[PDB]
>>> print(open('input20.pdb').read())   # PDB, C-alpha atoms
ATOM      1  CA  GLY A   1      90.183 245.925 137.556
ATOM      2  CA  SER A   2      91.810 249.300 138.093
ATOM      3  CA  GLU A   3      91.644 249.647 141.858
ATOM      4  CA  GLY A   4      91.221 247.032 144.562
ATOM      5  CA  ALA A   5      92.002 246.528 148.231
ATOM      6  CA  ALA A   6      94.143 249.277 149.709
ATOM      7  CA  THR A   7      93.115 250.457 153.155
ATOM      8  CA  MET A   8      92.804 247.490 155.483
ATOM      9  CA  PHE A   9      96.557 247.746 155.906
ATOM     10  CA  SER A  10      98.479 250.545 157.578
ATOM     11  CA  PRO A  11      99.923 253.664 155.934
ATOM     12  CA  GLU A  12     103.360 252.662 157.158
ATOM     13  CA  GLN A  13     102.906 249.142 155.843
ATOM     14  CA  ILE A  14     101.895 249.674 152.235
ATOM     15  CA  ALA A  15     103.863 252.841 151.594
ATOM     16  CA  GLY A  16     102.410 253.617 148.186
ATOM     17  CA  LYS A  17     103.074 249.964 147.456
ATOM     18  CA  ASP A  18     101.871 248.327 144.262
ATOM     19  CA  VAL A  19      99.250 245.782 145.250
ATOM     20  CA  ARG A  20      96.428 244.369 143.160
ATOM     21  CA  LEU A  21      93.236 242.396 143.652
ATOM     22  CA  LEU A  22      93.142 239.231 141.579
ATOM     23  CA  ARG A  23      89.929 237.240 141.385
ATOM     24  CA  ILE A  24      90.107 233.496 140.864
ATOM     25  CA  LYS A  25      87.117 231.362 139.952
ATOM     26  CA  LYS A  26      86.100 228.757 142.503
ATOM     27  CA  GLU A  27      86.134 226.015 139.894
ATOM     28  CA  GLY A  28      88.394 222.981 139.799
ATOM     29  CA  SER A  29      89.422 223.223 143.434
ATOM     30  CA  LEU A  30      92.110 225.593 144.649
ATOM     31  CA  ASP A  31      95.340 223.619 144.610
ATOM     32  CA  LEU A  32      97.835 226.177 145.856
ATOM     33  CA  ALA A  33     101.062 226.021 147.828
ATOM     34  CA  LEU A  34     102.296 228.594 150.315
ATOM     35  CA  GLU A  35     105.619 229.167 152.034
ATOM     36  CA  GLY A  36     106.982 231.580 154.613
ATOM     37  CA  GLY A  37     105.091 233.416 157.329
ATOM     38  CA  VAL A  38     105.426 232.370 160.951
ATOM     39  CA  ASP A  39     109.013 232.349 162.158
ATOM     40  CA  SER A  40     110.246 231.553 158.669
ATOM     41  CA  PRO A  41     113.210 233.019 156.776
ATOM     42  CA  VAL A  42     110.676 234.787 154.592
ATOM     43  CA  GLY A  43     108.654 236.672 157.178
ATOM     44  CA  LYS A  44     105.673 236.886 154.854
ATOM     45  CA  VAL A  45     103.254 234.857 152.767
ATOM     46  CA  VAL A  46     104.508 233.977 149.306
ATOM     47  CA  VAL A  47     102.971 231.579 146.813
ATOM     48  CA  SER A  48     105.135 228.477 146.963
ATOM     49  CA  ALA A  49     103.854 227.167 143.651
ATOM     50  CA  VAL A  50     100.802 227.420 141.427
ATOM     51  CA  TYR A  51      99.632 223.880 140.771
ATOM     52  CA  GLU A  52      99.140 223.656 137.025
ATOM     53  CA  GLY A  53      96.302 221.293 137.862
ATOM     54  CA  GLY A  54      94.228 223.755 139.853
ATOM     55  CA  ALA A  55      92.081 226.865 139.654
ATOM     56  CA  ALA A  56      95.140 228.889 140.590
ATOM     57  CA  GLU A  57      96.953 228.172 137.345
ATOM     58  CA  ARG A  58      93.783 228.575 135.316
ATOM     59  CA  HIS A  59      93.713 232.212 136.357
ATOM     60  CA  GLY A  60      97.396 232.884 135.795
ATOM     61  CA  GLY A  61      98.894 236.358 135.873
ATOM     62  CA  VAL A  62     100.759 235.999 139.148
ATOM     63  CA  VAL A  63     103.098 233.129 139.927
ATOM     64  CA  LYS A  64     105.201 231.742 142.752
ATOM     65  CA  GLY A  65     107.247 234.331 144.605
ATOM     66  CA  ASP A  66     104.201 236.562 144.882
ATOM     67  CA  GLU A  67     103.547 238.652 147.969
ATOM     68  CA  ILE A  68     100.404 237.322 149.607
ATOM     69  CA  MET A  69      98.971 239.544 152.316
ATOM     70  CA  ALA A  70      95.199 239.233 152.329
ATOM     71  CA  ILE A  71      92.997 236.312 151.360
ATOM     72  CA  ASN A  72      89.431 237.058 150.334
ATOM     73  CA  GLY A  73      89.868 240.007 152.666
ATOM     74  CA  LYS A  74      91.772 238.388 155.509
ATOM     75  CA  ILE A  75      94.956 240.076 156.664
ATOM     76  CA  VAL A  76      97.547 237.317 156.718
ATOM     77  CA  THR A  77     100.560 239.590 156.989
ATOM     78  CA  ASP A  78     101.109 238.038 160.397
ATOM     79  CA  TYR A  79      99.525 234.684 159.645
ATOM     80  CA  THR A  80     101.266 231.327 159.807
ATOM     81  CA  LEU A  81     101.545 228.855 156.954
ATOM     82  CA  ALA A  82      98.869 226.658 158.484
ATOM     83  CA  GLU A  83      96.662 229.587 159.419
ATOM     84  CA  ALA A  84      96.886 231.175 155.991
ATOM     85  CA  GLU A  85      97.061 227.892 154.113
ATOM     86  CA  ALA A  86      94.043 226.586 155.986
ATOM     87  CA  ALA A  87      92.340 229.966 155.958
ATOM     88  CA  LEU A  88      92.584 230.292 152.195
ATOM     89  CA  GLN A  89      91.325 226.729 151.975
ATOM     90  CA  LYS A  90      88.322 227.443 154.166
ATOM     91  CA  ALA A  91      87.348 230.136 151.692
ATOM     92  CA  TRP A  92      87.514 227.859 148.673
ATOM     93  CA  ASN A  93      86.128 225.094 150.855
ATOM     94  CA  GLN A  94      83.086 227.267 151.447
ATOM     95  CA  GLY A  95      82.275 226.520 147.826
ATOM     96  CA  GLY A  96      82.006 230.104 146.642
ATOM     97  CA  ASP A  97      81.962 231.183 143.014
ATOM     98  CA  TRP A  98      85.167 233.194 142.934
ATOM     99  CA  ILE A  99      87.920 234.141 145.352
ATOM    100  CA  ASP A 100      89.599 237.525 145.605
ATOM    101  CA  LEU A 101      93.252 237.100 146.498
ATOM    102  CA  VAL A 102      95.018 240.207 147.745
ATOM    103  CA  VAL A 103      98.694 239.888 146.905
ATOM    104  CA  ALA A 104     101.283 242.528 146.098
ATOM    105  CA  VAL A 105     103.192 242.588 142.829
ATOM    106  CA  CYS A 106     106.684 241.176 142.467
ATOM    107  CA  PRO A 107     108.506 239.826 139.405
ATOM    108  CA  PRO A 108     110.333 236.484 139.489
ATOM    109  CA  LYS A 109     113.990 237.207 140.147
ATOM    110  CA  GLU A 110     115.025 235.414 143.316
ATOM    111  CA  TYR A 111     117.992 236.930 145.112
ATOM    112  CA  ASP A 112     118.493 236.919 148.864
ATOM    113  CA  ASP A 113     121.693 235.930 150.626
ATOM    114  CA  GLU A 114     123.517 237.875 153.313
ATOM    115  CA  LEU A 115     124.431 235.903 156.412
ATOM    116  CA  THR A 116     127.331 233.612 157.230
ATOM    117  CA  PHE A 117     124.764 231.663 159.213
ATOM    118  CA  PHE A 118     126.781 231.058 162.359
TER     119      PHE A 118
END
>>> encode(input="input20.pdb", output="structure tokens")
Amino acid sequence: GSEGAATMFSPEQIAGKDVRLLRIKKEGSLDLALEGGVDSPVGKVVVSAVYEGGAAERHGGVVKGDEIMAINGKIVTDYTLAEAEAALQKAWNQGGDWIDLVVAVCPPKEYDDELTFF
């Protein structure tokens, strides 16, 4: 809708950020890929890909490269792939009706390179 989740986080974390609360129907499985988190080069949770053959795609709106932070109301800003990945799963697994994914906004651009890498 208009407003969503915006408090669980810190004031020095969001910083008048632009986050939304998307709700996906728990129909046709989840089928979602994640990448980053843990000690990754990302340092956050970003949708790896939205399986066209899942409930993720069905919804639409957001796509890979997103900025996942909370899952059904579960701070994953410091969560690991597995943790998050699994976590999210658990939710869907539960067999609910819908799932509220808390992910920030971010258009598909892709551009990050600044390190001679040893």
>>> resolve_selection(input="input20.pdb", expression="the PyMOL selection byres ((chain A and resi 96) around 12)", output="PDB file with C-alpha atoms, keeping the file's coordinate frame")
ATOM      1  CA  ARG A  23      89.929 237.240 141.385  1.00  0.00           C
ATOM      2  CA  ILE A  24      90.107 233.496 140.864  1.00  0.00           C
ATOM      3  CA  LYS A  25      87.117 231.362 139.952  1.00  0.00           C
ATOM      4  CA  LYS A  26      86.100 228.757 142.503  1.00  0.00           C
ATOM      5  CA  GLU A  27      86.134 226.015 139.894  1.00  0.00           C
ATOM      6  CA  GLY A  28      88.394 222.981 139.799  1.00  0.00           C
ATOM      7  CA  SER A  29      89.422 223.223 143.434  1.00  0.00           C
ATOM      8  CA  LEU A  30      92.110 225.593 144.649  1.00  0.00           C
ATOM      9  CA  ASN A  72      89.431 237.058 150.334  1.00  0.00           C
ATOM     10  CA  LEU A  88      92.584 230.292 152.195  1.00  0.00           C
ATOM     11  CA  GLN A  89      91.325 226.729 151.975  1.00  0.00           C
ATOM     12  CA  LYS A  90      88.322 227.443 154.166  1.00  0.00           C
ATOM     13  CA  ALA A  91      87.348 230.136 151.692  1.00  0.00           C
ATOM     14  CA  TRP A  92      87.514 227.859 148.673  1.00  0.00           C
ATOM     15  CA  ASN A  93      86.128 225.094 150.855  1.00  0.00           C
ATOM     16  CA  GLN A  94      83.086 227.267 151.447  1.00  0.00           C
ATOM     17  CA  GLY A  95      82.275 226.520 147.826  1.00  0.00           C
ATOM     18  CA  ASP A  97      81.962 231.183 143.014  1.00  0.00           C
ATOM     19  CA  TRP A  98      85.167 233.194 142.934  1.00  0.00           C
ATOM     20  CA  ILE A  99      87.920 234.141 145.352  1.00  0.00           C
ATOM     21  CA  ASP A 100      89.599 237.525 145.605  1.00  0.00           C
TER      22      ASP A 100
END
>>> resolve_selection(input="input20.pdb", expression="the PyMOL selection byres ((chain A and resi 108) around 10)", output="ChimeraX atom specification")
/A:62-66,105-107,109-111
>>> resolve_selection(input="input20.pdb", expression="the PyMOL selection byres ((chain A and resi 36) around 10)", output="number ranges by chain")
A: 34-35, 37-48, 79-81
>>> closest_residue(input="input20.pdb", among="A:103, A:9, A:3, A:18", to="residue A:67", atoms="all atoms listed in the file")
A:103
>>> atom_distance(input="input20.pdb", atom1="atom CA of residue A:57", atom2="atom CA of residue A:101")
13.3 Å
>>> closest_residue(input="input20.pdb", among="A:104, A:50, A:75, A:115", to="residue A:16", atoms="only C-alpha atoms")
A:104
>>> atom_distance(input="input20.pdb", atom1="atom CA of residue A:102", atom2="atom CA of residue A:76")
9.8 Å
>>> atom_distance(input="input20.pdb", atom1="atom CA of residue A:70", atom2="atom CA of residue A:87")
10.4 Å
>>> build_atoms(input="input20.pdb", residues="stretch 1-27 of chain A", atoms="N, CA and C atoms", output="CSV table (one decimal), keeping the file's coordinate frame")
chain,number,residue,atom,x,y,z
A,1,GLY,N,90.5,244.7,138.3
A,1,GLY,CA,90.2,245.9,137.6
A,1,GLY,C,91.3,247.0,137.7
A,2,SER,N,90.9,248.2,137.9
A,2,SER,CA,91.8,249.3,138.1
A,2,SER,C,92.3,249.3,139.5
A,3,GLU,N,91.3,249.6,140.4
A,3,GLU,CA,91.6,249.6,141.9
A,3,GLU,C,91.1,248.4,142.6
A,4,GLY,N,91.6,248.2,143.8
A,4,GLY,CA,91.2,247.0,144.6
A,4,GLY,C,91.3,247.3,146.1
A,5,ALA,N,91.8,246.4,146.8
A,5,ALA,CA,92.0,246.5,148.2
A,5,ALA,C,93.2,247.4,148.5
A,6,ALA,N,93.1,248.4,149.3
A,6,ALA,CA,94.1,249.3,149.7
A,6,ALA,C,93.7,250.2,150.8
A,7,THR,N,93.6,249.7,152.0
A,7,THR,CA,93.1,250.5,153.2
A,7,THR,C,93.2,249.6,154.4
A,8,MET,N,92.8,248.4,154.3
A,8,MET,CA,92.8,247.5,155.5
A,8,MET,C,94.2,247.5,156.2
A,9,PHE,N,95.2,247.7,155.4
A,9,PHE,CA,96.6,247.7,155.9
A,9,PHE,C,96.8,249.1,156.5
A,10,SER,N,98.1,249.3,157.0
A,10,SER,CA,98.5,250.5,157.6
A,10,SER,C,99.2,251.4,156.5
A,11,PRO,N,99.3,252.7,156.8
A,11,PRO,CA,99.9,253.7,155.9
A,11,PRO,C,101.4,253.5,155.9
A,12,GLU,N,101.9,252.9,157.0
A,12,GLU,CA,103.4,252.7,157.2
A,12,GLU,C,103.7,251.2,156.8
A,13,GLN,N,102.7,250.5,156.2
A,13,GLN,CA,102.9,249.1,155.8
A,13,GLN,C,102.9,249.0,154.3
A,14,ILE,N,102.0,249.7,153.7
A,14,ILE,CA,101.9,249.7,152.2
A,14,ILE,C,103.0,250.6,151.6
A,15,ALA,N,102.9,251.9,152.1
A,15,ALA,CA,103.9,252.8,151.6
A,15,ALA,C,103.8,252.9,150.1
A,16,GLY,N,102.6,253.5,149.6
A,16,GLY,CA,102.4,253.6,148.2
A,16,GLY,C,102.9,252.4,147.4
A,17,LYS,N,102.7,251.2,148.1
A,17,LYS,CA,103.1,250.0,147.5
A,17,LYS,C,102.2,249.7,146.2
A,18,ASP,N,102.6,248.7,145.5
A,18,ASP,CA,101.9,248.3,144.3
A,18,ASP,C,101.2,247.0,144.4
A,19,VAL,N,100.0,247.0,145.0
A,19,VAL,CA,99.2,245.8,145.2
A,19,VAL,C,98.0,245.8,144.3
A,20,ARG,N,97.6,244.5,144.0
A,20,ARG,CA,96.4,244.4,143.2
A,20,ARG,C,95.4,243.4,143.8
A,21,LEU,N,94.3,243.3,143.2
A,21,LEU,CA,93.2,242.4,143.7
A,21,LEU,C,92.8,241.4,142.5
A,22,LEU,N,93.4,240.2,142.6
A,22,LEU,CA,93.1,239.2,141.6
A,22,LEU,C,92.0,238.4,142.0
A,23,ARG,N,91.1,238.0,141.1
A,23,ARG,CA,89.9,237.2,141.4
A,23,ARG,C,90.0,235.9,140.6
A,24,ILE,N,90.0,234.8,141.4
A,24,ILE,CA,90.1,233.5,140.9
A,24,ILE,C,88.7,232.8,141.0
A,25,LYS,N,88.4,232.1,140.0
A,25,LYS,CA,87.1,231.4,140.0
A,25,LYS,C,87.2,230.1,140.8
A,26,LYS,N,86.1,229.9,141.6
A,26,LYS,CA,86.1,228.8,142.5
A,26,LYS,C,85.7,227.5,141.7
A,27,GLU,N,86.4,227.2,140.7
A,27,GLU,CA,86.1,226.0,139.9
A,27,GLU,C,87.4,225.2,139.7
